[PDB]
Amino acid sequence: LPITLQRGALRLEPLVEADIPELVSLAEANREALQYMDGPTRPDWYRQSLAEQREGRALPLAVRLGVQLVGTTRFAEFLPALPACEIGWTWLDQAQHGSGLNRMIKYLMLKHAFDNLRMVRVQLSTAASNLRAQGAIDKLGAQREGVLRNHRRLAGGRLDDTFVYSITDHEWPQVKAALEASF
């Protein structure tokens, strides 16, 4: 079920059709930053996430900081029987990199997955080539679970492997603690 997540001027709100033109314009200005992701520069990647939201299979979000739309992120790949999900499909306008915005977003999202939704597992994933997102996943305290070969494309169409990580419900108290103490 759709949620708005907020801390002060930071709002994560369900993605809507009206957000798409601006996200595509914002992604063009960040074209090079988005090089390890396939889709975010095209409307179909956003429309796909809203299709899935309708089918109860994703919760995509618009990231707003004050008045300004600064990116997007998503819960998806639900495993209802566990429950489990993945958090990802995140990009942020590059003025926000290094700011702590990503850590805060991930803290609000994990806190929802574990404290409210009762997830037993949360997966995070990124391209083998994406050294920045890897560092950022590390900093969360997610543990690497695997390397999936020939599992993705980069923005220019090149094939890449995926690094897969997770946080389990047992690890979450210490993950929560560690993040909160970095604020």
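In case it trips you up, residue 1 is the first one in the sequence shown, and so on.
When the C-alpha B-factors of 146-154 and 133-141 are averaged, 133-141 comes out higher. Judged by mean Cα B factor in the deposited record, 166-174 ranks above the other of 166-174 and 20-28. In the deposited entry, the Cα temperature factor of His112 places it in the middle third of its chain's modelled residues. In the deposited entry, the Cα temperature factor of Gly100 sits in the middle third of values across the chain's modelled residues. When the modelled residues of the chain are ordered by C-alpha B-factor, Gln53 sits in the highest third. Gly66: CA B factor in the highest third of modelled residues in this chain (values from the PDB entry).
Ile87 sits in the lowest third of its chain by CA B factor, as recorded in the PDB entry.
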